[PDB]
Structures are given as structure tokens and as C-alpha cells.
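K.L.:
What follows is work_24.pdb, made up of PDB, C-alpha atoms:
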ATOM      1  CA  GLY A   1     118.660  98.045 101.490  1.00  0.00           C
ATOM      2  CA  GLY A   2     120.986  98.397  98.434  1.00  0.00           C
ATOM      3  CA  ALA A   3     121.181  95.867  95.600  1.00  0.00           C
ATOM      4  CA  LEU A   4     123.477  93.267  93.923  1.00  0.00           C
ATOM      5  CA  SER A   5     124.715  93.013  90.283  1.00  0.00           C
ATOM      6  CA  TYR A   6     123.327  90.513  87.676  1.00  0.00           C
ATOM      7  CA  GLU A   7     126.449  88.283  88.055  1.00  0.00           C
ATOM      8  CA  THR A   8     125.679  87.806  91.825  1.00  0.00           C
ATOM      9  CA  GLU A   9     124.516  84.156  92.182  1.00  0.00           C
ATOM     10  CA  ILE A  10     121.948  83.147  94.865  1.00  0.00           C
ATOM     11  CA  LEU A  11     121.786  79.521  96.101  1.00  0.00           C
ATOM     12  CA  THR A  12     118.198  78.150  95.666  1.00  0.00           C
ATOM     13  CA  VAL A  13     116.358  74.874  96.527  1.00  0.00           C
ATOM     14  CA  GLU A  14     114.375  74.815  93.224  1.00  0.00           C
ATOM     15  CA  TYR A  15     117.505  74.870  90.952  1.00  0.00           C
ATOM     16  CA  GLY A  16     120.829  75.859  92.647  1.00  0.00           C
ATOM     17  CA  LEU A  17     123.266  78.767  92.066  1.00  0.00           C
ATOM     18  CA  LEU A  18     121.459  81.269  89.715  1.00  0.00           C
ATOM     19  CA  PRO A  19     122.000  85.036  88.929  1.00  0.00           C
ATOM     20  CA  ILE A  20     119.794  87.392  91.061  1.00  0.00           C
ATOM     21  CA  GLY A  21     119.246  89.657  88.020  1.00  0.00           C
ATOM     22  CA  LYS A  22     117.492  86.843  86.064  1.00  0.00           C
ATOM     23  CA  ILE A  23     115.277  86.069  89.122  1.00  0.00           C
ATOM     24  CA  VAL A  24     114.075  89.737  89.153  1.00  0.00           C
ATOM     25  CA  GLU A  25     114.057  90.426  85.334  1.00  0.00           C
ATOM     26  CA  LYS A  26     112.000  87.185  84.784  1.00  0.00           C
ATOM     27  CA  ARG A  27     110.188  87.218  88.236  1.00  0.00           C
ATOM     28  CA  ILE A  28     111.286  83.603  88.987  1.00  0.00           C
ATOM     29  CA  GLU A  29     109.760  81.939  92.088  1.00  0.00           C
ATOM     30  CA  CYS A  30     112.099  79.809  94.215  1.00  0.00           C
ATOM     31  CA  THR A  31     113.290  78.986  97.779  1.00  0.00           C
ATOM     32  CA  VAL A  32     116.465  80.577  99.356  1.00  0.00           C
ATOM     33  CA  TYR A  33     118.780  79.843 102.367  1.00  0.00           C
ATOM     34  CA  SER A  34     119.043  81.905 105.630  1.00  0.00           C
ATOM     35  CA  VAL A  35     119.822  81.541 109.406  1.00  0.00           C
ATOM     36  CA  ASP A  36     117.136  81.863 112.114  1.00  0.00           C
ATOM     37  CA  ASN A  37     117.408  83.675 115.517  1.00  0.00           C
ATOM     38  CA  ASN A  38     119.246  80.499 116.777  1.00  0.00           C
ATOM     39  CA  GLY A  39     121.836  80.398 113.879  1.00  0.00           C
ATOM     40  CA  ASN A  40     120.128  77.423 112.067  1.00  0.00           C
ATOM     41  CA  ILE A  41     120.328  77.543 108.208  1.00  0.00           C
ATOM     42  CA  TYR A  42     116.663  77.103 107.118  1.00  0.00           C
ATOM     43  CA  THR A  43     114.939  77.563 103.695  1.00  0.00           C
ATOM     44  CA  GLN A  44     112.141  80.018 102.695  1.00  0.00           C
ATOM     45  CA  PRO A  45     110.249  81.170  99.516  1.00  0.00           C
ATOM     46  CA  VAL A  46     110.753  84.580  97.795  1.00  0.00           C
ATOM     47  CA  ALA A  47     108.041  87.088  98.860  1.00  0.00           C
ATOM     48  CA  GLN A  48     108.565  89.799  96.138  1.00  0.00           C
ATOM     49  CA  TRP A  49     111.010  91.083  93.432  1.00  0.00           C
ATOM     50  CA  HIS A  50     112.602  94.596  93.307  1.00  0.00           C
ATOM     51  CA  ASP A  51     114.665  96.261  90.531  1.00  0.00           C
ATOM     52  CA  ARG A  52     116.706  99.448  91.207  1.00  0.00           C
ATOM     53  CA  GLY A  53     117.548  99.858  87.476  1.00  0.00           C
ATOM     54  CA  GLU A  54     120.995 101.593  87.786  1.00  0.00           C
ATOM     55  CA  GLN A  55     122.953 102.558  90.973  1.00  0.00           C
ATOM     56  CA  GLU A  56     126.624 103.255  91.896  1.00  0.00           C
ATOM     57  CA  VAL A  57     128.287  99.762  91.970  1.00  0.00           C
ATOM     58  CA  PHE A  58     131.614  99.134  93.708  1.00  0.00           C
ATOM     59  CA  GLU A  59     133.989  96.184  93.319  1.00  0.00           C
ATOM     60  CA  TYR A  60     134.110  94.020  96.480  1.00  0.00           C
ATOM     61  CA  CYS A  61     137.225  91.784  96.430  1.00  0.00           C
ATOM     62  CA  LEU A  62     138.408  89.482  99.266  1.00  0.00           C
ATOM     63  CA  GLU A  63     141.835  88.396 100.641  1.00  0.00           C
ATOM     64  CA  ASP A  64     141.302  84.863  99.132  1.00  0.00           C
ATOM     65  CA  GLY A  65     140.385  86.286  95.643  1.00  0.00           C
ATOM     66  CA  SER A  66     136.524  85.986  95.809  1.00  0.00           C
ATOM     67  CA  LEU A  67     134.890  88.716  93.632  1.00  0.00           C
ATOM     68  CA  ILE A  68     131.501  90.355  94.451  1.00  0.00           C
ATOM     69  CA  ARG A  69     129.616  93.385  92.930  1.00  0.00           C
ATOM     70  CA  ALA A  70     127.261  95.489  95.086  1.00  0.00           C
ATOM     71  CA  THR A  71     126.139  98.988  96.219  1.00  0.00           C
ATOM     72  CA  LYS A  72     127.343 100.866  99.357  1.00  0.00           C
ATOM     73  CA  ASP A  73     123.696 100.801 100.647  1.00  0.00           C
ATOM     74  CA  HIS A  74     123.515  96.954 100.797  1.00  0.00           C
ATOM     75  CA  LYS A  75     124.089  95.491 104.288  1.00  0.00           C
ATOM     76  CA  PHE A  76     125.823  92.146 104.898  1.00  0.00           C
ATOM     77  CA  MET A  77     125.703  89.894 107.992  1.00  0.00           C
ATOM     78  CA  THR A  78     129.057  90.351 109.878  1.00  0.00           C
ATOM     79  CA  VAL A  79     130.808  87.625 111.955  1.00  0.00           C
ATOM     80  CA  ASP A  80     128.716  88.743 115.013  1.00  0.00           C
ATOM     81  CA  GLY A  81     125.463  89.103 112.932  1.00  0.00           C
ATOM     82  CA  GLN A  82     125.385  92.959 112.582  1.00  0.00           C
ATOM     83  CA  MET A  83     123.596  94.438 109.507  1.00  0.00           C
ATOM     84  CA  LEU A  84     126.037  97.207 108.392  1.00  0.00           C
ATOM     85  CA  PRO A  85     126.657  98.678 104.867  1.00  0.00           C
ATOM     86  CA  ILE A  86     129.843  97.598 103.013  1.00  0.00           C
ATOM     87  CA  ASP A  87     131.093 101.252 103.056  1.00  0.00           C
ATOM     88  CA  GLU A  88     131.414 100.836 106.868  1.00  0.00           C
ATOM     89  CA  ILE A  89     132.812  97.224 106.792  1.00  0.00           C
ATOM     90  CA  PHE A  90     135.832  98.532 104.773  1.00  0.00           C
ATOM     91  CA  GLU A  91     136.575 101.327 107.338  1.00  0.00           C
ATOM     92  CA  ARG A  92     136.439  99.047 110.458  1.00  0.00           C
ATOM     93  CA  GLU A  93     138.137  96.205 108.450  1.00  0.00           C
ATOM     94  CA  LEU A  94     135.417  93.791 109.722  1.00  0.00           C
ATOM     95  CA  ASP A  95     134.877  90.306 108.254  1.00  0.00           C
ATOM     96  CA  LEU A  96     131.576  88.686 107.047  1.00  0.00           C
ATOM     97  CA  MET A  97     129.991  85.389 108.234  1.00  0.00           C
ATOM     98  CA  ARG A  98     130.030  82.215 106.016  1.00  0.00           C
ATOM     99  CA  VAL A  99     127.740  79.161 105.528  1.00  0.00           C
ATOM    100  CA  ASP A 100     130.528  76.569 104.878  1.00  0.00           C
ATOM    101  CA  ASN A 101     132.502  77.502 108.094  1.00  0.00           C
ATOM    102  CA  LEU A 102     135.085  79.130 105.810  1.00  0.00           C
ATOM    103  CA  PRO A 103     137.683  81.570 107.322  1.00  0.00           C
ATOM    104  CA  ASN A 104     136.145  85.066 107.645  1.00  0.00           C
ATOM    105  CA  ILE A 105     138.133  87.808 105.794  1.00  0.00           C
ATOM    106  CA  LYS A 106     137.538  91.578 105.362  1.00  0.00           C
ATOM    107  CA  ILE A 107     137.537  93.473 102.018  1.00  0.00           C
ATOM    108  CA  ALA A 108     141.084  93.290 100.558  1.00  0.00           C
ATOM    109  CA  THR A 109     140.402  95.926  97.840  1.00  0.00           C
ATOM    110  CA  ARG A 110     137.567  98.281  96.787  1.00  0.00           C
ATOM    111  CA  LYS A 111     137.006 100.804  93.939  1.00  0.00           C
ATOM    112  CA  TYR A 112     134.040 102.479  92.215  1.00  0.00           C
ATOM    113  CA  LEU A 113     133.259 100.741  88.867  1.00  0.00           C
ATOM    114  CA  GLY A 114     130.300 102.790  87.575  1.00  0.00           C
ATOM    115  CA  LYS A 115     126.503 102.450  87.168  1.00  0.00           C
ATOM    116  CA  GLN A 116     125.270  98.893  86.555  1.00  0.00           C
ATOM    117  CA  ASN A 117     121.849  97.219  86.760  1.00  0.00           C
ATOM    118  CA  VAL A 118     121.362  96.000  90.365  1.00  0.00           C
ATOM    119  CA  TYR A 119     118.533  93.934  91.912  1.00  0.00           C
ATOM    120  CA  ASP A 120     117.251  92.749  95.342  1.00  0.00           C
ATOM    121  CA  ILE A 121     114.606  90.093  96.148  1.00  0.00           C
ATOM    122  CA  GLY A 122     112.103  90.673  99.006  1.00  0.00           C
ATOM    123  CA  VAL A 123     111.215  88.218 101.832  1.00  0.00           C
ATOM    124  CA  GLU A 124     108.552  88.113 104.628  1.00  0.00           C
ATOM    125  CA  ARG A 125     110.315  86.218 107.523  1.00  0.00           C
ATOM    126  CA  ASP A 126     113.824  87.778 107.308  1.00  0.00           C
ATOM    127  CA  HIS A 127     115.132  90.197 104.595  1.00  0.00           C
ATOM    128  CA  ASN A 128     118.328  88.091 103.969  1.00  0.00           C
ATOM    129  CA  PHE A 129     119.750  85.250 101.769  1.00  0.00           C
ATOM    130  CA  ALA A 130     122.929  83.165 101.189  1.00  0.00           C
ATOM    131  CA  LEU A 131     125.388  83.516  98.215  1.00  0.00           C
ATOM    132  CA  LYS A 132     127.639  81.156  96.087  1.00  0.00           C
ATOM    133  CA  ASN A 133     130.755  81.983  98.201  1.00  0.00           C
ATOM    134  CA  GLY A 134     128.881  81.020 101.449  1.00  0.00           C
ATOM    135  CA  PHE A 135     128.208  84.772 102.154  1.00  0.00           C
ATOM    136  CA  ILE A 136     124.926  86.315 103.474  1.00  0.00           C
ATOM    137  CA  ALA A 137     123.420  89.573 102.161  1.00  0.00           C
ATOM    138  CA  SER A 138     120.652  91.517 104.041  1.00  0.00           C
ATOM    139  CA  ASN A 139     118.267  94.333 102.916  1.00  0.00           C
TER     140      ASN A 139
END
Take the structure in the file and write it out as C-alpha cells.

P.N.:
Amino acid sequence: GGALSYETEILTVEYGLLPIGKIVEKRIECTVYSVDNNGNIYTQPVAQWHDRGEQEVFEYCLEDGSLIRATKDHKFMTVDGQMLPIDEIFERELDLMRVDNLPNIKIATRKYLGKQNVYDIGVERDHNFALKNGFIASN
């Protein structure tokens, strides 16, 4: 289910906003944020840690100026809840759901950057988690 760059911060109950790459490089145990089948933001522990090592990373920039760094194989929870890869979100010009009831906005600009270290935590209940910008990623 793709991966996210070191600079991608994950909201956690144990500490707060911390870089996903440090959680996987140091195997840090913590709790994360996610919606249930009803749309209720609950909290759950990390199940496992996975490290891709180096994959094709693309810049993901928004209409507001928010800046995100991920692979074209990582899915993200759309405004309706669909788990589609960012390569397909750009083509349909679909928006992504937010935690803070922020205005949903599609990818303003995209380009290939190169081959950066990317990481992705694993989870038992639901393979998803919130982000610093109120976003939700899913594996």
C-alpha cells in the first residue's frame, strides 16, 4: 500500500506530531488516530513497522499550499471514503477527507522528485491513520 517520506508527520496519543520515518527506523510504539465504520475518530496502537527502503517519490502539493511527499502506490481516503492511489486522484481531480472539517481540495501540482526513503506502519483493526494537515492515509 505505498509509503510516506521521513518528513511526513503522524499525529499520536503518546507524544503528538512525529515523523513516520523515525517511528519505523527506531520501531517506536504509540497510538494513532482513525475513523470507524460510522465516521467516529477513535485511537488505536501500532501493530507492526514496515520499511520500503527507496521508492519513486512524487511531490503532492495542495491548492492552499500544504506540502506532502508520497508514492503513487499509497492510497488516501477520499471525501466519500474511497481508497484510491494518488496517481488516480490527480486524473479525476478528486479531493481528500479532513479531520478538522477543513475545506477539501484536490492536488494543485505534482512532479516526480526521485528515490527517497519511504515508510509505512501496520495496523490490525484498519490499515489507516491521520496526518498533521488533518489528512488520512491508507495502506

K.L.:
Apply the PyMOL selection byres ((chain A and resi 109) around 12) to the displayed file and report the matching residues as a PyMOL selection string.

P.N.:
chain A and resi 58-68+86-87+89-91+93+105-108+110-112

K.L.:
Could you tell me, as a list in words, exactly which residues end up selected when the PyMOL selection byres ((chain A and resi 125) around 10) is applied to this structure?

P.N.:
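Listing what the PyMOL selection byres ((chain A and resi 125) around 10) selects in the shown file: residues 34, 36, 44, 45, 46, 47, 122, 123, 124, 126, 127 and 128 of chain A.
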
K.L.:
Mind pulling up the distance from CA of residue 130 (chain A) to CA of residue 77 (chain A)?

P.N.:
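According to the coordinates, CA of residue 77 (chain A) and CA of residue 130 (chain A) are separated by 10.0 Å.
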
K.L.:
Distance cut-off 12 Å, centre (114.8, 74.3, 90.6) in file coordinates, counting all atoms listed in the file: which residues qualify? Return them as a list in words.

P.N.:
residues 11, 12, 13, 14, 15, 16, 17, 18, 23, 28, 29, 30, 31 and 32 of chain A

K.L.:
Record the distance separating CA of residue 24 (chain A) and CA of residue 48 (chain A), expressed in Å with one decimal.

P.N.:
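Rounded to one decimal, the two atoms are 8.9 Å apart.
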
K.L.:
What does the distance from CA of residue 99 (chain A) to CA of residue 5 (chain A) come to in Å, to one decimal?

P.N.:
20.8 Å

K.L.:
Using the chain letters and numbers from the file, which residues does the PyMOL selection byres ((chain A and resi 84) around 10) grab, as a PyMOL selection string?

P.N.:
chain A and resi 72-78+81-83+85-89+138-139

K.L.:
Using all atoms listed in the file, what residues lie at most 7 Å away from (127.9, 84.7, 102.9) (file coordinates), given as a ChimeraX atom specification?

P.N.:
/A:96-99,130-131,133-137

K.L.:
Any chance you can output those residues with C-alpha atoms as a tab-separated table (two decimals), in the frame of the given file?

P.N.:
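Dumped everything to selection08.tsv:
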chain	number	residue	atom	x	y	z
A	96	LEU	CA	131.58	88.69	107.05
A	97	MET	CA	129.99	85.39	108.23
A	98	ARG	CA	130.03	82.22	106.02
A	99	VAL	CA	127.74	79.16	105.53
A	130	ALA	CA	122.93	83.16	101.19
A	131	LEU	CA	125.39	83.52	98.22
A	133	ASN	CA	130.76	81.98	98.20
A	134	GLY	CA	128.88	81.02	101.45
A	135	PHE	CA	128.21	84.77	102.15
A	136	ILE	CA	124.93	86.32	103.47
A	137	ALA	CA	123.42	89.57	102.16

K.L.:
Show me, as lines of an AutoDock Vina configuration file, the centre and edge lengths in Å to one decimal of the axis-aligned box that covers every listed atom of region 54-65 of chain A with 4 Å on each side.

P.N.:
center_x = 131.4
center_y = 94.1
center_z = 94.2
size_x = 28.8
size_y = 26.4
size_z = 20.9
